[PDB]
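J.: My file is input-v7.cif. It has mmCIF, C-alpha atoms:
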```cif
data_model
#
loop_
_atom_site.group_PDB
_atom_site.id
_atom_site.type_symbol
_atom_site.label_atom_id
_atom_site.label_comp_id
_atom_site.auth_asym_id
_atom_site.auth_seq_id
_atom_site.Cartn_x
_atom_site.Cartn_y
_atom_site.Cartn_z
ATOM 1 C CA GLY A 1 0.000 0.000 0.000
ATOM 2 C CA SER A 2 2.457 2.770 -1.124
ATOM 3 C CA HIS A 3 1.437 6.175 -2.577
ATOM 4 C CA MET A 4 4.672 7.271 -4.204
ATOM 5 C CA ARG A 5 4.868 10.710 -5.765
ATOM 6 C CA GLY A 6 7.829 12.429 -7.300
ATOM 7 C CA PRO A 7 11.312 11.345 -8.222
ATOM 8 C CA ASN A 8 13.709 9.189 -6.236
ATOM 9 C CA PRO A 9 14.968 11.549 -3.553
ATOM 10 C CA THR A 10 18.539 12.583 -2.791
ATOM 11 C CA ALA A 11 20.033 14.435 0.127
ATOM 12 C CA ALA A 12 20.357 17.380 -2.128
ATOM 13 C CA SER A 13 16.781 17.358 -3.318
ATOM 14 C CA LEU A 14 15.517 17.152 0.281
ATOM 15 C CA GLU A 15 17.857 19.903 1.456
ATOM 16 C CA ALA A 16 16.803 22.392 -1.225
ATOM 17 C CA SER A 17 14.298 25.107 -0.492
ATOM 18 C CA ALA A 18 11.612 23.353 -2.623
ATOM 19 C CA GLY A 19 10.669 19.967 -3.933
ATOM 20 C CA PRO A 20 9.570 19.263 -7.503
ATOM 21 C CA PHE A 21 5.986 20.402 -7.511
ATOM 22 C CA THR A 22 4.566 23.751 -8.134
ATOM 23 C CA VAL A 23 2.811 25.178 -5.096
ATOM 24 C CA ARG A 24 -0.196 27.375 -4.866
ATOM 25 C CA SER A 25 -2.022 28.631 -1.780
ATOM 26 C CA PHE A 26 -5.175 30.232 -0.520
ATOM 27 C CA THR A 27 -6.609 31.685 2.591
ATOM 28 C CA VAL A 28 -9.611 29.845 3.947
ATOM 29 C CA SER A 29 -12.640 32.175 3.632
ATOM 30 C CA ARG A 30 -14.768 30.718 6.327
ATOM 31 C CA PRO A 31 -12.728 28.656 8.742
ATOM 32 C CA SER A 32 -14.589 25.977 10.603
ATOM 33 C CA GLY A 33 -13.498 25.251 14.149
ATOM 34 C CA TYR A 34 -10.267 27.331 14.171
ATOM 35 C CA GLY A 35 -9.274 30.887 13.748
ATOM 36 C CA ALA A 36 -7.779 31.227 10.313
ATOM 37 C CA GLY A 37 -5.963 29.133 7.761
ATOM 38 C CA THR A 38 -3.732 29.074 4.740
ATOM 39 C CA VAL A 39 -3.780 26.040 2.444
ATOM 40 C CA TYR A 40 -0.706 25.145 0.415
ATOM 41 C CA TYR A 41 -1.028 22.538 -2.307
ATOM 42 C CA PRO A 42 0.808 20.985 -5.240
ATOM 43 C CA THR A 43 -0.715 21.725 -8.587
ATOM 44 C CA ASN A 44 0.874 18.723 -10.316
ATOM 45 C CA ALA A 45 1.605 15.913 -7.919
ATOM 46 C CA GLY A 46 0.499 13.185 -10.279
ATOM 47 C CA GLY A 47 -2.103 11.743 -7.911
ATOM 48 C CA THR A 48 -3.892 12.427 -4.636
ATOM 49 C CA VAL A 49 -1.650 13.402 -1.718
ATOM 50 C CA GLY A 50 -2.010 13.373 2.087
ATOM 51 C CA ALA A 51 -2.838 16.387 4.227
ATOM 52 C CA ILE A 52 -0.854 17.937 7.097
ATOM 53 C CA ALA A 53 -2.173 20.450 9.649
ATOM 54 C CA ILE A 54 0.317 22.763 11.447
ATOM 55 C CA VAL A 55 -0.398 24.781 14.638
ATOM 56 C CA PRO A 56 1.664 27.561 16.261
ATOM 57 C CA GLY A 57 2.535 28.077 19.888
ATOM 58 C CA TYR A 58 0.989 30.312 22.620
ATOM 59 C CA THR A 59 0.635 33.922 21.388
ATOM 60 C CA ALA A 60 1.931 32.900 17.999
ATOM 61 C CA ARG A 61 0.428 32.969 14.550
ATOM 62 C CA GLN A 62 0.932 31.328 11.221
ATOM 63 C CA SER A 63 4.080 33.274 10.469
ATOM 64 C CA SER A 64 6.018 31.160 13.028
ATOM 65 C CA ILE A 65 5.349 27.993 11.095
ATOM 66 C CA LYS A 66 4.536 29.175 7.579
ATOM 67 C CA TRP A 67 7.855 27.995 5.995
ATOM 68 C CA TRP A 68 6.631 24.417 6.290
ATOM 69 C CA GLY A 69 3.699 25.063 3.953
ATOM 70 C CA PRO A 70 5.608 25.572 0.757
ATOM 71 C CA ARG A 71 8.378 23.253 1.846
ATOM 72 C CA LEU A 72 6.146 20.290 2.373
ATOM 73 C CA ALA A 73 3.611 21.056 -0.348
ATOM 74 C CA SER A 74 6.390 21.165 -2.972
ATOM 75 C CA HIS A 75 7.185 17.577 -2.112
ATOM 76 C CA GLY A 76 3.558 16.380 -2.494
ATOM 77 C CA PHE A 77 1.257 17.250 0.424
ATOM 78 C CA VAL A 78 -1.652 19.531 1.035
ATOM 79 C CA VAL A 79 -0.615 21.627 4.095
ATOM 80 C CA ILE A 80 -2.898 23.827 6.242
ATOM 81 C CA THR A 81 -1.229 26.298 8.558
ATOM 82 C CA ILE A 82 -3.612 27.694 11.179
ATOM 83 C CA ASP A 83 -4.199 30.499 13.549
ATOM 84 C CA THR A 84 -6.087 29.399 16.668
ATOM 85 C CA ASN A 85 -9.451 30.836 17.743
ATOM 86 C CA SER A 86 -7.539 32.605 20.492
ATOM 87 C CA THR A 87 -3.796 33.084 20.613
ATOM 88 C CA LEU A 88 -4.139 31.923 24.220
ATOM 89 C CA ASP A 89 -5.648 28.537 23.497
ATOM 90 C CA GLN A 90 -4.141 25.629 25.395
ATOM 91 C CA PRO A 91 -2.856 22.309 23.902
ATOM 92 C CA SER A 92 -6.086 20.335 24.050
ATOM 93 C CA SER A 93 -7.890 23.136 22.245
ATOM 94 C CA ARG A 94 -5.074 23.401 19.727
ATOM 95 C CA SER A 95 -5.475 19.684 19.027
ATOM 96 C CA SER A 96 -9.196 20.088 18.441
ATOM 97 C CA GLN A 97 -8.528 22.943 16.080
ATOM 98 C CA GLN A 98 -5.801 21.038 14.257
ATOM 99 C CA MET A 99 -8.252 18.231 13.637
ATOM 100 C CA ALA A 100 -10.895 20.714 12.581
ATOM 101 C CA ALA A 101 -8.396 22.060 9.978
ATOM 102 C CA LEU A 102 -7.891 18.608 8.657
ATOM 103 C CA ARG A 103 -11.647 18.108 8.507
ATOM 104 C CA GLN A 104 -12.060 21.339 6.513
ATOM 105 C CA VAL A 105 -9.375 20.243 4.152
ATOM 106 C CA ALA A 106 -11.320 17.065 3.588
ATOM 107 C CA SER A 107 -14.475 19.161 3.030
ATOM 108 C CA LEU A 108 -12.668 21.235 0.468
ATOM 109 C CA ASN A 109 -11.466 18.118 -1.247
ATOM 110 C CA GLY A 110 -15.106 17.219 -1.854
ATOM 111 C CA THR A 111 -16.194 20.686 -2.901
ATOM 112 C CA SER A 112 -16.167 21.092 -6.688
ATOM 113 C CA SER A 113 -15.543 24.861 -6.428
ATOM 114 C CA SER A 114 -12.341 24.493 -4.373
ATOM 115 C CA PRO A 115 -8.838 24.719 -5.621
ATOM 116 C CA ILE A 116 -8.073 21.404 -3.967
ATOM 117 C CA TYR A 117 -11.068 19.503 -5.235
ATOM 118 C CA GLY A 118 -9.915 15.956 -5.685
ATOM 119 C CA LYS A 119 -6.344 16.556 -4.700
ATOM 120 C CA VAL A 120 -6.386 14.943 -1.217
ATOM 121 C CA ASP A 121 -6.327 11.370 -0.077
ATOM 122 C CA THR A 122 -8.357 12.002 3.122
ATOM 123 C CA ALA A 123 -7.208 8.659 4.558
ATOM 124 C CA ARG A 124 -3.632 9.870 4.919
ATOM 125 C CA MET A 125 -3.047 12.765 7.324
ATOM 126 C CA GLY A 126 -0.349 14.197 9.523
ATOM 127 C CA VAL A 127 0.146 16.644 12.319
ATOM 128 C CA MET A 128 2.834 19.218 13.146
ATOM 129 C CA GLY A 129 3.196 22.276 15.358
ATOM 130 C CA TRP A 130 5.274 24.382 17.641
ATOM 131 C CA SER A 131 5.415 24.306 21.436
ATOM 132 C CA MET A 132 1.818 24.080 22.659
ATOM 133 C CA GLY A 133 0.945 23.377 19.010
ATOM 134 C CA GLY A 134 3.466 20.529 19.242
ATOM 135 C CA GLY A 135 1.768 19.262 22.442
ATOM 136 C CA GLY A 136 -1.474 19.594 20.509
ATOM 137 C CA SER A 137 -0.101 17.466 17.720
ATOM 138 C CA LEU A 138 0.820 14.769 20.213
ATOM 139 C CA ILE A 139 -2.645 14.880 21.695
ATOM 140 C CA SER A 140 -4.021 14.623 18.191
ATOM 141 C CA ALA A 141 -1.946 11.557 17.556
ATOM 142 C CA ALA A 142 -2.967 9.942 20.858
ATOM 143 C CA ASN A 143 -6.657 10.557 20.248
ATOM 144 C CA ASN A 144 -6.554 9.734 16.509
ATOM 145 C CA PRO A 145 -4.245 6.750 15.930
ATOM 146 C CA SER A 146 -5.171 6.599 12.242
ATOM 147 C CA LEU A 147 -3.023 9.599 11.664
ATOM 148 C CA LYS A 148 -0.033 8.469 9.614
ATOM 149 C CA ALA A 149 2.668 10.773 11.037
ATOM 150 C CA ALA A 150 3.443 13.434 13.586
ATOM 151 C CA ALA A 151 6.411 15.839 13.635
ATOM 152 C CA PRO A 152 6.071 18.458 16.435
ATOM 153 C CA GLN A 153 8.791 20.944 17.196
ATOM 154 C CA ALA A 154 9.867 22.120 20.626
ATOM 155 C CA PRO A 155 6.793 20.557 22.157
ATOM 156 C CA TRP A 156 5.208 21.867 25.293
ATOM 157 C CA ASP A 157 2.480 20.123 27.382
ATOM 158 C CA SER A 158 1.750 19.934 31.083
ATOM 159 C CA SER A 159 1.914 16.096 30.761
ATOM 160 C CA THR A 160 4.875 14.196 29.239
ATOM 161 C CA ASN A 161 3.083 10.869 29.058
ATOM 162 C CA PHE A 162 2.355 10.072 25.447
ATOM 163 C CA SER A 163 2.717 6.344 25.886
ATOM 164 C CA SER A 164 -0.493 5.570 24.052
ATOM 165 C CA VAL A 165 0.835 7.055 20.755
ATOM 166 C CA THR A 166 1.215 4.526 17.987
ATOM 167 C CA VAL A 167 1.642 7.132 15.249
ATOM 168 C CA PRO A 168 5.206 7.539 13.797
ATOM 169 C CA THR A 169 6.517 10.558 15.604
ATOM 170 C CA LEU A 170 9.585 12.765 14.958
ATOM 171 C CA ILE A 171 10.311 15.239 17.773
ATOM 172 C CA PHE A 172 12.347 18.288 16.783
ATOM 173 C CA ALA A 173 14.021 19.635 19.917
ATOM 174 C CA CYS A 174 16.087 22.755 20.475
ATOM 175 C CA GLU A 175 19.158 22.223 22.651
ATOM 176 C CA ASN A 176 19.110 25.499 24.536
ATOM 177 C CA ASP A 177 15.332 25.846 24.747
ATOM 178 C CA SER A 178 14.490 27.849 27.884
ATOM 179 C CA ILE A 179 10.720 27.824 27.350
ATOM 180 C CA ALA A 180 10.110 24.093 27.019
ATOM 181 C CA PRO A 181 13.474 22.741 28.156
ATOM 182 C CA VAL A 182 14.538 19.524 26.453
ATOM 183 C CA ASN A 183 15.239 17.779 29.713
ATOM 184 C CA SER A 184 11.677 18.418 31.056
ATOM 185 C CA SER A 185 9.625 18.457 27.901
ATOM 186 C CA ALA A 186 10.889 17.149 24.543
ATOM 187 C CA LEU A 187 13.049 14.279 25.846
ATOM 188 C CA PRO A 188 10.605 12.924 28.438
ATOM 189 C CA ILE A 189 7.913 13.081 25.802
ATOM 190 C CA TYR A 190 10.127 11.168 23.363
ATOM 191 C CA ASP A 191 10.963 8.591 26.039
ATOM 192 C CA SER A 192 7.379 8.119 26.924
ATOM 193 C CA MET A 193 6.493 6.708 23.506
ATOM 194 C CA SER A 194 7.094 3.009 23.611
ATOM 195 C CA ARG A 195 4.853 1.633 20.912
ATOM 196 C CA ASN A 196 5.807 3.538 17.734
ATOM 197 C CA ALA A 197 8.345 4.418 15.145
ATOM 198 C CA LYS A 198 9.976 7.548 16.619
ATOM 199 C CA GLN A 199 12.845 9.925 16.356
ATOM 200 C CA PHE A 200 14.491 12.677 18.451
ATOM 201 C CA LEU A 201 16.438 15.311 16.646
ATOM 202 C CA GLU A 202 17.991 18.051 18.795
ATOM 203 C CA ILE A 203 19.327 21.133 17.087
ATOM 204 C CA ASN A 204 22.679 22.216 18.423
ATOM 205 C CA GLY A 205 22.535 25.569 20.121
ATOM 206 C CA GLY A 206 18.937 26.035 19.242
ATOM 207 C CA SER A 207 16.618 28.439 21.009
ATOM 208 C CA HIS A 208 12.897 27.578 21.409
ATOM 209 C CA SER A 209 12.357 29.007 17.865
ATOM 210 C CA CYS A 210 14.994 26.855 16.180
ATOM 211 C CA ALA A 211 12.538 25.145 13.835
ATOM 212 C CA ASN A 212 10.457 28.240 12.974
ATOM 213 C CA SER A 213 10.228 30.328 9.815
ATOM 214 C CA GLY A 214 13.584 31.932 9.198
ATOM 215 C CA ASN A 215 15.679 29.386 11.035
ATOM 216 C CA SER A 216 19.229 28.751 10.082
ATOM 217 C CA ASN A 217 18.793 24.984 9.756
ATOM 218 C CA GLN A 218 16.159 24.724 7.069
ATOM 219 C CA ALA A 219 18.169 22.356 4.961
ATOM 220 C CA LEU A 220 18.481 19.755 7.749
ATOM 221 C CA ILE A 221 15.106 20.322 9.414
ATOM 222 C CA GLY A 222 13.197 20.466 6.080
ATOM 223 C CA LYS A 223 14.938 17.305 4.877
ATOM 224 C CA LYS A 224 13.936 15.471 7.999
ATOM 225 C CA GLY A 225 10.396 16.695 8.133
ATOM 226 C CA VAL A 226 9.717 15.949 4.528
ATOM 227 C CA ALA A 227 11.470 12.592 4.718
ATOM 228 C CA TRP A 228 9.452 11.550 7.776
ATOM 229 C CA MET A 229 6.154 12.595 6.174
ATOM 230 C CA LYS A 230 7.023 10.844 2.958
ATOM 231 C CA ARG A 231 8.075 7.646 4.620
ATOM 232 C CA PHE A 232 5.091 7.420 6.875
ATOM 233 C CA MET A 233 2.230 9.273 5.181
ATOM 234 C CA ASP A 234 3.022 7.755 1.791
ATOM 235 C CA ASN A 235 4.466 4.418 2.932
ATOM 236 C CA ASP A 236 7.312 5.438 0.541
ATOM 237 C CA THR A 237 10.197 3.172 1.346
ATOM 238 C CA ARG A 238 12.427 5.317 -0.962
ATOM 239 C CA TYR A 239 12.579 7.518 2.109
ATOM 240 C CA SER A 240 13.427 4.923 4.747
ATOM 241 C CA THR A 241 17.006 5.971 4.911
ATOM 242 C CA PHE A 242 16.401 9.674 4.989
ATOM 243 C CA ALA A 243 13.654 9.234 7.608
ATOM 244 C CA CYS A 244 15.497 6.844 9.856
ATOM 245 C CA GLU A 245 19.169 7.877 9.508
ATOM 246 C CA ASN A 246 21.371 9.786 11.850
ATOM 247 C CA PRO A 247 21.839 12.801 9.609
ATOM 248 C CA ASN A 248 25.593 13.151 10.513
ATOM 249 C CA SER A 249 25.368 16.879 11.056
ATOM 250 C CA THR A 250 27.352 19.090 13.322
ATOM 251 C CA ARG A 251 24.034 21.082 13.480
ATOM 252 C CA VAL A 252 22.642 18.209 15.651
ATOM 253 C CA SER A 253 23.515 17.861 19.298
ATOM 254 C CA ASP A 254 21.497 14.734 20.034
ATOM 255 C CA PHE A 255 19.956 12.060 17.777
ATOM 256 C CA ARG A 256 17.854 9.100 18.886
ATOM 257 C CA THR A 257 15.510 6.794 17.009
ATOM 258 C CA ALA A 258 13.586 3.566 17.625
ATOM 259 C CA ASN A 259 11.576 1.181 15.485
ATOM 260 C CA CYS A 260 12.864 2.973 12.359
ATOM 261 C CA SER A 261 14.344 0.763 9.671
ATOM 262 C CA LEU A 262 16.778 2.110 7.087
ATOM 263 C CA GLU A 263 15.898 -0.372 4.369
#
```
If you took the structure in this file and wrote it as structure tokens, what would it be?
T.:
Amino acid sequence: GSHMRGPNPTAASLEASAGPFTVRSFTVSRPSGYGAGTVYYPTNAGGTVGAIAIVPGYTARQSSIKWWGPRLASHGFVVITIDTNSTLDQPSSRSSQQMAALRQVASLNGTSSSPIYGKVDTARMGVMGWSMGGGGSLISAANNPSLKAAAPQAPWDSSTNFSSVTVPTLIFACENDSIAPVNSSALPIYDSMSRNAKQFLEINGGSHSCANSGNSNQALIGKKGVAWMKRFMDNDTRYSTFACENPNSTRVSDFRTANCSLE
């Protein structure tokens, strides 16, 4: 059951600012169950693609996470970046809104007036987000185990117990994070997950914003995020190595992975 799109990847192709497909985007006119949204999609993926919903952190807006939209969509995904109903929404609410974004994407897929009519395989979805939006993505994965992948960054949640998560999860962590410190947040969350494919990628010297728009590690972090989503959302074993490998980067201070085969 693979859903391969695009050419055989290389490190270089995954490190570049964009994948092979042309991207277009639109603002959602009437958001349903969240505050606002921007949808990024490939015009020419050569078949239906999965959908990924991305949520910012507390006080933050789409600009924090917007670089993922084009970056992922150009590799063959429909990506929705959201603003929350309130910038002060907590993780459980962020999860609900993330799922609501995914639901609206599915709605749009079935709406013959929409730019993404027929472009989405609604059975294949993923979740991403920053800080509380990363905690929200973990909650989404716990509550919705049919999700195919999760890749939060600098996650924050008042609980670190995500032991029920069976969804393939990549945790981007930021070594010097003072907001959601790795030793009390990201790493205990990673360690908590005992039943899934998982990965822990800590960015050397990174502040809590180390995986946000404008970061200085977009080559590495974009390669890993796209590779993880391709491997797991698409069941694309062309990406096993890129998804599961230690990336051998002096930009990485800590790398861990489990249940993640290279080949």
J.: Report as a list in words the full result of the PyMOL selection byres ((chain A and resi 152) around 6) when it is applied to this structure.
T.: residues 128, 129, 134, 151, 153 and 171 of chain A
J.: In Å, how far is it from atom CA of residue 35 of chain A to atom CA of residue 115 of chain A?
T.: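 Going from atom CA of residue 35 of chain A over to atom CA of residue 115 of chain A covers 20.3 Å.
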J.: To one decimal in Å, tell me the separation between atom CA of residue 170 of chain A and atom CA of residue 222 of chain A.
T.: 12.3 Å
J.: Applying 7 Å and all atoms listed in the file, which residues near residue 162 of chain A remain after dropping the ones on its own chain fewer than 2 positions away? List them as a PyMOL selection string.
T.: chain A and resi 160+164-165+189+192-193
J.: Just give me the gap between atom CA of residue 136 of chain A and atom CA of residue 180 of chain A in Å, one decimal is fine.
T.: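 Separation between atom CA of residue 136 of chain A and atom CA of residue 180 of chain A: 14.0 Å.
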J.: I need the residue nearest residue 235 of chain A from this list: A:50, A:122, A:31, A:108. Use only C-alpha atoms for the distance.
T.: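 Ranking A:50, A:122, A:31, A:108 by distance to residue 235 of chain A, first place goes to A:50.
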J.: For residue 212 of chain A, work out the shell of residues within 12 Å, counting only C-alpha atoms and skipping chain neighbours fewer than 6 positions away, then give it as an mmCIF file with C-alpha atoms, keeping the file's coordinate frame.
T.:
```cif
data_model
loop_
_atom_site.group_PDB
_atom_site.id
_atom_site.type_symbol
_atom_site.label_atom_id
_atom_site.label_comp_id
_atom_site.auth_asym_id
_atom_site.auth_seq_id
_atom_site.Cartn_x
_atom_site.Cartn_y
_atom_site.Cartn_z
ATOM 1 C CA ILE A 54 0.317 22.763 11.447
ATOM 2 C CA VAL A 55 -0.398 24.781 14.638
ATOM 3 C CA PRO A 56 1.664 27.561 16.261
ATOM 4 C CA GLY A 57 2.535 28.077 19.888
ATOM 5 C CA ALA A 60 1.931 32.900 17.999
ATOM 6 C CA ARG A 61 0.428 32.969 14.550
ATOM 7 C CA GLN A 62 0.932 31.328 11.221
ATOM 8 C CA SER A 63 4.080 33.274 10.469
ATOM 9 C CA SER A 64 6.018 31.160 13.028
ATOM 10 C CA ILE A 65 5.349 27.993 11.095
ATOM 11 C CA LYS A 66 4.536 29.175 7.579
ATOM 12 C CA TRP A 67 7.855 27.995 5.995
ATOM 13 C CA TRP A 68 6.631 24.417 6.290
ATOM 14 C CA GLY A 69 3.699 25.063 3.953
ATOM 15 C CA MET A 128 2.834 19.218 13.146
ATOM 16 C CA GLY A 129 3.196 22.276 15.358
ATOM 17 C CA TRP A 130 5.274 24.382 17.641
ATOM 18 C CA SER A 131 5.415 24.306 21.436
ATOM 19 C CA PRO A 152 6.071 18.458 16.435
ATOM 20 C CA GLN A 153 8.791 20.944 17.196
ATOM 21 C CA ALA A 154 9.867 22.120 20.626
ATOM 22 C CA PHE A 172 12.347 18.288 16.783
ATOM 23 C CA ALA A 173 14.021 19.635 19.917
ATOM 24 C CA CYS A 174 16.087 22.755 20.475
ATOM 25 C CA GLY A 206 18.937 26.035 19.242
ATOM 26 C CA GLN A 218 16.159 24.724 7.069
ATOM 27 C CA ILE A 221 15.106 20.322 9.414
ATOM 28 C CA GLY A 222 13.197 20.466 6.080
#
```
J.: Kindly indicate which residue among A:26, A:214, A:75, A:112 lies nearest to residue 7 of chain A, using only C-alpha atoms for the distances.
T.: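 For residue 7 of chain A, the nearest of the candidates is A:75.
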J.: May I ask which of the residues A:125, A:138, A:229, A:73 is the closest one to residue 91 of chain A, counting all atoms listed in the file?
T.: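 Comparing A:125, A:138, A:229, A:73 against residue 91 of chain A, the winner is A:138.
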J.: So which one's closest to residue 184 of chain A, A:209, A:155, A:150, A:95? Using all atoms listed in the file, please.
T.: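 Of A:209, A:155, A:150, A:95, the one nearest residue 184 of chain A is A:155, counting all atoms listed in the file.
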